[PDB]
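*Asks:* Chains as they are written, first to last, in the authors' numbering: chain B, 11 to 237; chain A, 11 to 237; chain C, 11 to 237. For each residue, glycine too, the CB sits at the ideal point set by N, CA and C.
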Amino acid sequence: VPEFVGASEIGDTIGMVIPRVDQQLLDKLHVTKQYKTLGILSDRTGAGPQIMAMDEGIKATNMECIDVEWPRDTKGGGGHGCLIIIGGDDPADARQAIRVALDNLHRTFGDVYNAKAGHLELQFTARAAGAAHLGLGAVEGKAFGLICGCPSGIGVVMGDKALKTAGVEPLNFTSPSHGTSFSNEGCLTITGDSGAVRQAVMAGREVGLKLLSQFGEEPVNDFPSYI
Amino acid sequence: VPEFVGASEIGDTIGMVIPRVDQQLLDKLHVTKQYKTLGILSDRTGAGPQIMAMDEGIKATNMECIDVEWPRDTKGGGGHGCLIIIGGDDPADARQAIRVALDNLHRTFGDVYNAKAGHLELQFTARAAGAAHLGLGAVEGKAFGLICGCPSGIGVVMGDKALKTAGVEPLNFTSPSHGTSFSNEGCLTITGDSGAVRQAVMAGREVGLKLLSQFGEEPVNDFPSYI
Amino acid sequence: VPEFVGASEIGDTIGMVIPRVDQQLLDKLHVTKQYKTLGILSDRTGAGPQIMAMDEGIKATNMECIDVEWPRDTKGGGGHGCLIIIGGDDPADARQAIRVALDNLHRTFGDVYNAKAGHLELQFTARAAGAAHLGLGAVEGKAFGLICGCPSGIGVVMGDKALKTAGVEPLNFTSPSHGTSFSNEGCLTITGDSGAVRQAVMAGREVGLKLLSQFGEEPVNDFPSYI
């Protein structure tokens with residue numbers, strides 16, 4: 011079908027574009043602004059990595075991020091899936107943004123670490139765009155970090171360490187009962203100077219790996235770290 | 011255990027009847043209307059199928075649907091389980107409704123299609139009853155269709171195609187952050203003339219099968235299709 | 011890592027202490043009362059058992075229970091995981107409470123019964139403490155019973171029978187859509203005289219076993235029963 015753009019085994023992620031959406035359907039979608047041309051990125055496993063990949067798609071095109079929704083999923087693991095809707099006036103521009111997001115998944119899964127007992131996720135950008143803003147609460151135009159661990163108490167200690175490492179501005183802390191879809195994740199989000207934000211995210215990574223390893227298995231990443 | 015009526019491997023579904031429920035317990039249950047005789051249908055996998063099966067049970071007896079509740083479940087998949095409470099004055103009537111519901115499971119899973127990456131669900135009736143109304147938002151006395159895909163973005167495209175196929179009336183569109191238990195499903199519900207609703211549901215099926223197949227596996231149904 | 015206290019294979023449970031938590035983080039944690047020393051118990055599988063183990067920790071130390079949060083988890087099963095935060099003035103007292111919690115897991119999983127289709131959980135104490143109060147709604151200083159079944163309809167029948175066995179006071183009934191994180195559990199909580207509360211919890215256990223066994227498998231417990 012013409013609406014299909016591509017699919018990836020990374021997170022069971024599918025990208026599609028609707029050139030002219032039915033108006034009655036559009037009136038039922040919870041979007042920030044209606045556009046007739048929609049891009050759709052949808053996955054079983056991952057929230058942060060697809061959101062950061064879509065930020066690159068936004069930087070590369072005239073598309074706007076208009077909805078981010080939050081399935082509890084990861085196919086039985088402890089985290090989220092993701093639905094991201096983008097909007098613009100040009101179907102070609104929408105396909106390009108979805109293609110760029112698909113091509114960035116192997117990078118944004120760079121600091122996702124898996125084990126039988128749980129997982130860690132780290133994200134970093136020197137300049138956040140629209141998807142990171144709508145999806146993760148980033149301040150647009152500024153540095154952003156994300157520091158997350160599962161089961162959730164690991165994320166609390168990762169967060170304590172990150173804040174003690176450098177002078178950064180906390181945006182939010184989300185947990186199983188507040189700001190997640192009852193996931194088993196503790197997540198610190200921050201802004202500040204880019205060098206300080208990087209320092210804090212790297213500190214969180216080191217303590218998170220040490221703690222998750224105490225269940226007996228070295229946490230494994232499937233792609234090279236970008237941070 | 012006199013309360014037990016039967017159990018089915020389809021959906022891990024169990025049906026029970028309480029002839030005269032304890033008043034203290036009844037006062038803590040979240041029902042639309044109090045009755046002393048309760049039937050209970052409870053499952054790990056499925057919402058829609060058990061709800062459409064119960065609609066036949068309601069048509070067959072004098073029982074009323076008084077609660078429908080929404081576990082996020084499917085034993086690690088992207089969907090819902092279900093709790094249905096029915097109320098009346100006659101224990102034999104309640105047991106008959108539960109038996110009719112269990113007997114209809116093999117039919118109402120006829121258009122559920124499974125794959126490693128996700129699933130599709132379609133439902134259709136020429137005349138909806140009280141369980142379809144309370145559970146899925148159907149208009150009682152009218153034709154009803156349900157069109158669902160997972161991961162949720164597939165459900166958005168299915169919905170668009172259905173509405174463009176025939177003149178039908180939209181009821182709702184539910185998604186991971188609106189009107190589900192943080193499931194990974196996009197679901198369009200419709201009414202209209204029975205022939206038009208049937209055409210829309212069949213169109214949604216065709217595009218959903220094409221899209222979900224793009225992950226590499228043809229979606230599988232375990233039972234003959236009824237639609 | 012000096013924050014690490016211990017890890018258990020039972021429920022994938024990890025315990026940690028932060029001697030002096032960062033103040034910006036503390037302001038973003040959802041606690042009843044601020045303390046500078048935090049203990050943290052975090053797991054993938056179990057709510058009631060870790061909460062009951064933590065009630066012993068509280069009895070043994072000067073720590074106060076200040077948060078209980080509710081991941082929908084059990085690694086693809088029908089239940090919850092758990093995050094428990096405790097607070098006090100002394101890091102040694104915190105580590106002792108976490109230690110006592112870890113050491114009681116093998117007891118508080120004594121009346122958890124598992125099967126392919128679902129699970130049962132019973133808890134009992136003659137005198138509830140701060141964790142059972144915050145996490146499960148117990149009345150501090152009184153006897154307390156928890157009676158749960160999955161899929162949730164089984165919990166409804168267990169609750170009805172328990173109430174019919176002895177004169178007890180219902181505290182709450184939680185279900186997929188009310189007072190759970192969209193879990194597939196029906197759970198009755200009770201107080202009253204210790205003898206009558208034990209009577210009721212034991213009656214709920216018997217009927218739960220009989221019903222869950224209707225799917226074809228004798229439910230299995232991994233530790234000796236304490237009730």
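(1) Quick check: what's the CA-CA separation for C/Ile108 versus C/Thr184?
(2) Nearest to A/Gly165 by CA position, among B/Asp53, B/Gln44, B/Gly21, is which residue?
(3) State the Cα-Cα distance for the pair C/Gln34 and C/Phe134, rounded to the nearest angstrom.
(4) For C/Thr23, which of helix, strand or coil comes out of DSSP?
(5) Hey, quick one: how far does the beta strand (DSSP E) through C/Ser52 stretch, first residue to last?
(6) Give me the DSSP bridge partner(s) of C/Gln33.
(7) Return the Cβ separation of C/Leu198 and C/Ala172 in integer angstroms, given the expectation that the two are a contact with Cβ distance under 8 Å.
(8) Could you check which residue in B/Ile68, B/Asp83, B/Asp22, B/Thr23 has the C-alpha nearest to that of A/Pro186?
(9) Pull out every residue of the stretch 162–178 of chain C whose Cβ sits closer than 8 Å to any Cβ of chain A, in chain order.
(10) Give me whichever residues DSSP pairs with C/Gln209 in a beta bridge.
(11) If the cut-off is 8 Å on Cβ atoms, which residues from the stretch 201–220 of chain A count as contacting chain B, listed in chain order?
(12) Across which residues does DSSP place B/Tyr123 in a beta bridge pair?
(13) Any chance you could list the beta strand (DSSP E) runs of at least 3 consecutive residues sitting entirely within the stretch 62–106 of chain A, in chain order?
(14) If A/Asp203 and A/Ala141 are in contact, beta carbons under 8 Å, what's the gap, nearest whole angstrom?
(15) Going straight from the alpha carbon of A/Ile24 to that of C/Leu219, what length do you get?
(16) If we ignore side chains and look at the alpha-carbon of each, how far apart do C/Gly88 and C/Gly226 end up?
(17) Where B/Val27 and B/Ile50 are concerned, what is the direct C-alpha to C-alpha distance, given to the nearest angstrom?
(18) What residues from chain B crowd round A/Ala127, counting only those whose CB sits closer than 7 Å?
(19) What distance in whole Å lies between the Cβ atoms of B/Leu146 and B/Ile61, which are believed to be in contact at a cut-off of 8 Å?
(20) Short of 7 Å Cβ to Cβ, which residues in the stretch 80–94 of chain A face chain C?
(21) Quick check for students: name the residue ranges of the alpha helix (DSSP H) that lie wholly in the stretch 130–184 of chain C, counting only runs of 4 or more.
(22) Ignoring anything shorter than 4 residues or poking outside the stretch 186–233 of chain A, list the alpha helix (DSSP H) runs there in chain order.
(23) What are the residues in the stretch 179–198 of chain A lying within 8 Å of chain C by C-beta distance?
(24) Which residues in chain C sit within 7 Å of A/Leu39, going by Cβ to Cβ distance?
(25) What did DSSP end up calling B/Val11 once you bin it into helix, strand or coil?
(26) In whole angstroms, what is the alpha-carbon distance linking C/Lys85 and C/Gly21?
(27) Work out the CA separation of A/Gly169 and A/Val207 for me, nearest whole Å.
(28) Cβ closer than 8 Å: which chain A residues qualify as neighbours of B/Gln34?
(29) Only counting the same chain, and skipping five residues up and downstream in sequence, which positions put a Cβ closer than 7 Å to that of B/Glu13?
*Replies:* From the atom records:
(1) 28 Å
(2) That would be B/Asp53, whose Cα lies nearest to the Cα of A/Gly165.
(3) The alpha-carbon atoms of C/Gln34 and C/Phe134 are separated by roughly 38 Å.
(4) Three-state result, C/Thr23: strand.
(5) 47–53
(6) DSSP, once it has assigned bridges, lists no residue as partnering C/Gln33.
(7) 6 Å
(8) B/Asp83
(9) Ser162, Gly163, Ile164, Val166, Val167, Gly169, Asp170, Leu173, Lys174
(10) According to DSSP, C/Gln209 bridges with nothing at all.
(11) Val217, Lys220
(12) B/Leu130
(13) Entirely contained in the stretch 62–106 of chain A, the beta strand (DSSP E) runs reaching 3 residues are, in chain order, 74–79, 92–98.
(14) Between A/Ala141 and A/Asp203 the Cβ distance is about 22 Å, and since that is not below 8 Å, they are no contact.
(15) Our two residues, A/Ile24 and C/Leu219, have alpha carbons roughly 14 Å apart in a direct line.
(16) Distance between the alpha carbons of C/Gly88 and C/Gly226: 18 Å.
(17) 6 Å
(18) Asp22, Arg54
(19) Confirmed, about 6 Å.
(20) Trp80, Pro81, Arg82, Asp83, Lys85, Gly86, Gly91, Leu93
(21) 140–146, 162–175
(22) 204–223
(23) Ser191, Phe192
(24) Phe183
(25) coil
(26) 10 Å
(27) A straight line joining the alpha-carbon of A/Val207 with that of A/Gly169 spans about 12 Å.
(28) Chain A residues near B/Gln34: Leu173, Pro180.
(29) So the list reads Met26, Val27, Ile28, once near-sequence residues are dropped.
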